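K.L.:
here are the coordinates; sequence isn't available:
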């Protein structure tokens, strides 16, 4: 078996243009330009490493390169060349390299180098170091035993380059990082995948790339399949209706509607009808967002909050400040960079206690359509010496992974004390890391930090430096008349489910002027409405088990004044 | 036909429609769409649930030629056979391909997996785009398949708890050639067979056959006993006597009665067989009533509004616009009657009740430690609606003030993700039970997840009377009125479910001490007639109550 390549050609891959260009100069040139090596009398062989996150299409890229070059290609997987009998797996590697040198020129894709060559330092078992030594000797066999006219190139891929032994890691000449696709790369991948498929003219790939911060190419491959399935859903329902009308015959049985129609589909079988030509509607792409989970979800993704600026009352000047400071750079980075405005990485919110300042950050996150990550107050402070700052640094690393990102801390007053006084030592060990991280990335990384505090005058001055959390904004408390819109939008987007109901919009205005509902914010009003609905449902459940006992129906979801009255008598501010 | 013989699988066919019927028959829709449609349907379920039956049903319903492939059906020659199958399948398109027990030959087997990969690629690239073939397979365990095959086989259909009609029809599909009487009524057997699967029904029918023919066997035994005079021939023991009687006779054959298995024998076999596919299965709806649980009227109402209301009227909460909580949290005295509280809610909800006995899910495995948690939620979703009980909640997620143990983090994050995924409409609610609220992971107590903390109270005096009555009945005058006063003792107030049992055991200690003193005195002073008496009077309970102290 000469191991011929396949047809996974470049037309199916995109978004890796920066990396793919380097391959043109590093792997294509030696493989078929070996005649240049022979004429120059210079052995020109190389080993290329493609290290990147899992599910980035590395196998597809290798297959595409092998198919495009057209030379022999021998893929090797790490588990497939491991034998229980100690002394035969090394024979397998030797035979693979002998085949490579014999069937020259060719390309070797030794997949999952991390699973075959670990660290020799901790390799107690002789097999682990034996494999590394075998690869080391085989690389020299490659470099020497060549016909001088047709060199061979070795391609390897992994996910943890640090896990590789330093010796084997050094042998691969150029290590290429295929990071998470950017907006342009994601748009290119989405448009390339939807190549042969008929697309609706209103499909906008740009804002497709815009709502997917943390997805990966494989995640996009699942998303396109989900959207295709949703498009086929309407055609399947149309087929079901066409079967119900084409051969009604009342029914051939009395089992169930899906089974009853599937009998008709079975009965037709050979009969065929023209299939309507449907184009994937843009609504289905947005529907597919929830159908495919992101790879970077479990790692504290904290999906974009659904709360909008409606949930917060008035504060127009505050919203203008936020739009000009954070939203604007994210919305139109080109326009702001035209003026040369470096996006400030830090903003500070101070004033009343932690009533609803979190919702302010969620509003910015939703407006910017960027990932939001929060922290449960001073949860980062632990008794151990080292892990106190390790979580802080992991936060910023994850924010690097999911760009853009929103890192909103909670109650910094207990996490970054003023270190001017010669008091406490562990606290300084964390604030120093915080200053370093803030100073590190504020320009174009897209990771903006939002402060949360209620005594800004007692916070340390080094953080309030410009570029860091130096933008101080005083978020107050919404007034009574502001609560009119808040209650209306809270009730409207939640229930609104069918004159004879218990909406009573005037009751919302009456509640908004409650004398005992003073210290309430966007979160407090939402909690109050939740409590009122819970009390109303309690009343419904109580009444349903008495009047029916002495059965009419599930009587009513009607919400009366007494529900809100008991809620306000059973609510505590802050 | 195919559907008529396999009913109760409405969800299976509904999920199968647009992934199977669409490409095989209406493949030209994709050709007009210009989209290749490659998938591998992952079918999972215990043996006997009907994987082979549904496979042969789709094969007989499509009407095209089908090749029956199983695990034993096919180091290079079997690979060539699979190439022969696949190349003709793509050549003879459209066609249906199914590989039964695909797990058993996808572990030679690695070469089989490589052949399957190459075949799926060649189907992807060589299809006419208008008449394709679908690689269908069924596995008794999804975990056994290769992870690469797992990712490639991203299409799944859940064959969960078999329907009553399905169970009845598969019972009849077990009894084709069985010589049966006319008294069999398969309808009631399925209705009283909630917690069994196809293999379990096979066990049930085999036990029924064995018990039915036990009538023939002991008929022969009685005939042999009456045939041979002189009382008996073996004085050792009854079964050895039966075997000795059967040995000598041997060749003197008799007309074996043409016995037909009766429904009564099936009823007898139902009780004997109870595997439940687990330690408890899904523990079919408990019979505990709210009269069993003592008082807790406020607690009862809180459980109503928190869990029972969402279960009874799922649309009501959506109409009010409140997402139901992920479940409840229980705390207070030790685990005396928390299971009663959970079982009462399960019984009123009339849903499945699955409980985990604390530090049992965690074993020496670390890879499967989270897999067990995932599988529990998967089965609960399959058997929706269901309630899940976690007593001794401390055994899984103590306070993570110091997030050091990597396995603990892997467990807690996975458990949080799974419980958060399905808490609103899927009908699965998880019950958390422990002794102290403050020894649980903090990332659970906040709203949305298990943030509803409910305090379970100690049993009352009327409950204490019944608690004493049950245990004292198990110890066997009864003196029920005396036990009432014992339960009404002021010094006995500071007890709980565990405490009364230890109090009774200590009272037995004083009683037997008095018995020893009487035995010594009567034999020596007052011969050794071992006049043992277990009667317990007020002196014993009073002395034990004074000698026993309340717990904390």
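P.N.:
Thanks, I have the structure now. Residues are numbered from 1 along each chain as shown, chains lettered A, B, ... in the order given.

K.L.:
what sits against residue A:149?
P.N.:
A:34, A:35, A:37, A:38 (CB atoms under 8 Å, 6 or more residues apart in numbering or on different chains). (C-beta placed from N, C-alpha, C; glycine too.)

K.L.:
part of a strand, is residue A:406?
P.N.:
Yes - residue state for residue A:406 (DSSP: H, G, I helix; E, B strand; the rest coil) corresponds to a strand.

K.L.:
how many residues are close by it?
P.N.:
27 (other CB atoms under 10 Å in any protein chain shown).

K.L.:
isn't it up against residue A:367?
P.N.:
No - judged on CB atoms under 8 Å, residue A:406 makes no contact with residue A:367 at a distance of 10.6 Å.

K.L.:
so for residue A:45, what's the nearest residue that isn't a sequence neighbour?
P.N.:
Excluding the flanking residues, the one nearest residue A:45 by CB to CB, 6 or more residues apart in numbering or on different chains is residue A:151, at 4.2 Å.

K.L.:
hmm, the one you found is touching residue A:40, no?
P.N.:
No - using CB under 8 Å, residue A:151 is not in contact with residue A:40, being 11.8 Å away.

K.L.:
which one's more surrounded, those two?
P.N.:
More crowded of residue A:151 and residue A:40, by other CB under 10 Å: residue A:151, with 22 against 9.

K.L.:
next one: the more buried one from chain B, what distance?
P.N.:
29 Å (CB to the nearest CB, to the nearest Å).

K.L.:
up against chain B, what does the stretch 1-150 of chain A have?
P.N.:
Residues of the stretch 1-150 of chain A lying near chain B by CB under 8 Å from any CB of the partner chain: A:6, A:7, A:80.

K.L.:
picking that back up, chain B: which of the contacts of residue A:149 is nearest?
P.N.:
Within these, the smallest distance to chain B is 29.3 Å, found for residue A:34 (CB to the nearest CB).

K.L.:
does residue A:476 sit in a helix, a strand or a coil?
P.N.:
Using three-state DSSP, the structure places residue A:476 in coil.

K.L.:
ok, it touching residue A:352?
P.N.:
Yes - counting by CB under 8 Å, residue A:476 touches residue A:352, with 6.7 Å between them.

K.L.:
which one of those two has more residues nearby?
P.N.:
For residue A:476 versus residue A:352, neighbours defined as other CB under 10 Å are more numerous around residue A:352 (15 against 11).

K.L.:
who's in contact with the more buried one?
P.N.:
A:454, A:475, A:476, A:477, A:521.

K.L.:
buried ones among those?
P.N.:
A:454, A:475, A:477, A:521 (16 or more other CB atoms under 10 Å in any protein chain shown).

K.L.:
and the closest residue to chain B within chain A, helix, strand or coil?
P.N.:
Chain A approaches chain B most closely through residue A:494 (3.6 Å), counting by CB to the nearest CB. Here residue A:494 is coil, with the state taken from three-state DSSP.

K.L.:
spatially nearest residue to it (excluding sequence neighbours)?
P.N.:
Per CB to CB, 6+ apart, closest to residue A:494 is residue B:321, 3.6 Å.

K.L.:
next, give phi and psi for the one you found.
P.N.:
Note on residue B:321: backbone dihedrals following degrees, to the nearest 10 are phi 80, psi 40.

K.L.:
for the residue most central in space within chain A, which residues are in contact?
P.N.:
What sits nearest the mean C-alpha location of chain A, by CA atoms, centre = their mean, is residue A:214, with 2.8 Å. Residue A:214 makes contact with A:180, A:294, A:295, A:296, A:297, A:301, A:371, A:401, A:402, according to CB under 8 Å, 6+ apart.

K.L.:
let's see that with 6 Å instead.
P.N.:
A:294, A:296, A:402 (CB atoms under 6 Å, 6 or more residues apart in numbering or on different chains).

K.L.:
the last one against residue A:370, yeah?
P.N.:
No - the pair residue A:402 and residue A:370 does not pass the contact test of CB atoms under 6 Å, sitting 8.9 Å apart.

K.L.:
just want to know which of those two has more residues nearby.
P.N.:
For residue A:402 and residue A:370, the more surrounded residue by other CB under 10 Å is residue A:402, and the numbers stand at 25 against 21.

K.L.:
the more buried one: what's it in contact with?
P.N.:
A:213, A:214, A:296, A:371.

K.L.:
out of these, which is most surrounded?
P.N.:
Counting neighbours by other CB under 10 Å, residue A:371 comes out on top of the contacts of residue A:402 with 26 neighbours.

K.L.:
alright, that wraps it up for me.
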